[PDB]
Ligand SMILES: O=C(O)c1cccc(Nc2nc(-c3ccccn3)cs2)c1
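Consider the single chain below, provided in structure tokens and representing the form deposited without the ligand.
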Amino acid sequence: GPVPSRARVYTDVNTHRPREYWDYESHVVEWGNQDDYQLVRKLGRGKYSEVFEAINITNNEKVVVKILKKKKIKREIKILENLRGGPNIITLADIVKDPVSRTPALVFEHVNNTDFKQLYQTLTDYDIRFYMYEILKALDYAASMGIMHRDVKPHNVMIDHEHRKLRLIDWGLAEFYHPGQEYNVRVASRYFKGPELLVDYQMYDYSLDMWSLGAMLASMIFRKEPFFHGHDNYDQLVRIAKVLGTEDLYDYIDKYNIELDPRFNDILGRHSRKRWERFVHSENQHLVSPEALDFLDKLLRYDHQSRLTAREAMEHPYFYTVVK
């Protein structure tokens, strides 16, 4: 069968915790007062919730309310509480019972965000580095706390560009990392799914989030949205192989004794690894540097164990120009 894998960092953090930290099923929710909150505008509806801008009439402060559409409820709540106060982690302000849905409504701090499709059109080289560094602070904090986000994508990064403030949001797919545990591969959005998900390898870890961050970075520095543009989850892997090459894909699956779905026989082909300079052109060149390409190259690796960790990523020369 498949060869097991473990994270190379923060491997055993949950094993040393009291059960209460990670045993979210046993969590007892602490409920606030739903009348403290007035819904103002519906902002969106996702697979699992409706999201509203609201006002906390006790301090007149703007908040965001997510009214949850079974075990995910306490998992998200517990993860949010565990991570609260960490660098660039969205703050859960309250939890109330919505009287109409009769489900939990998570109340979050408000961030004045700018839409990424319009915002990534305007980031300078310096701002890409600056905001990537801020995302890494959140991801390293999460991993150090035994948590993988599993849905890193531009829609889950809220940026107040006026105040140069960033928050990583939507922890509803997040999980606790337990060495040797097999996880659902049906996580993350198509264009951000790591190869481990696409080849059905369940024993993944924090490094999944570093692949997603690399896919985001590639789209930003190359001005290509998305960078790996698959029509479905199978074609998604083929689009990756057309850049990273098939020999390294086979080496990856061979290392973990993984067998590709046989439907790849007729669609995968044989592809050389490309040099990243291939994607550079007159319109994106100002965002590219040798440091950016090297950094990208060390995130976008098939083998999840070989990617930079968030903490190693923060050490990379790409961030030397960023004021700290």
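Numbering starts at 1 and follows the sequence shown.
Coordinates are given for every residue of the deposited sequence from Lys255 through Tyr256, so that no gap is recorded there. Judged by mean Cα B factor in the deposited record, 21-29 ranks above the other of 21-29 and 296-304. For the pair 55-63 and 283-291, the mean Cα B-factor is higher in 55-63. For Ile169, the recorded CA temperature factor ranks within the lowest third of the chain's modelled residues. Placement of the Cα temperature factor of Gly245 within the chain: lowest third of the modelled residues, per the deposited record. In the PDB entry, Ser212 places in the lowest third of its chain by CA B-factor. Remark: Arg263 belongs to the highest third of its chain, ranked by C-alpha B-factor as recorded. In the deposited entry, the Cα temperature factor of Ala218 places it in the lowest third of its chain's modelled residues.
From this point on, the text means the form solved in complex with the ligand, which you will not see here.
Shown here without its partner, the chain carries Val51, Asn112 and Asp170, all of which come within 4.5 Å of the ligand in the entry with it bound through at least one heavy atom.
Within this chain, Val199 is remote from the site of the ligand in the entry with it bound, having no heavy atom within 4.5 Å. Using a 4.5 Å cutoff between non-hydrogen atoms, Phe176 does not count as a contact of the ligand in the entry with it bound. Among heavy atoms of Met158, some come within 4.5 Å of the ligand in the entry with it bound.
Using a 4.5 Å cutoff between non-hydrogen atoms, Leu43 counts as a contact of the ligand in the entry with it bound.
The single contact residue among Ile90, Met145, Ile240, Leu249, judged by any heavy atom lying within 4.5 Å of the ligand in the entry with it bound, is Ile90. This chain lacks the partner; the member of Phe228, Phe222, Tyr141, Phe108 within 4.5 angstroms of the ligand in the entry with it bound by a non-hydrogen atom is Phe108.
Here the chain stands alone, but in the entry with it bound its contact with the ligand, taken as any heavy atom within 4.5 Å, falls in 59-67 among 251-259, 272-280, 59-67, 293-301.
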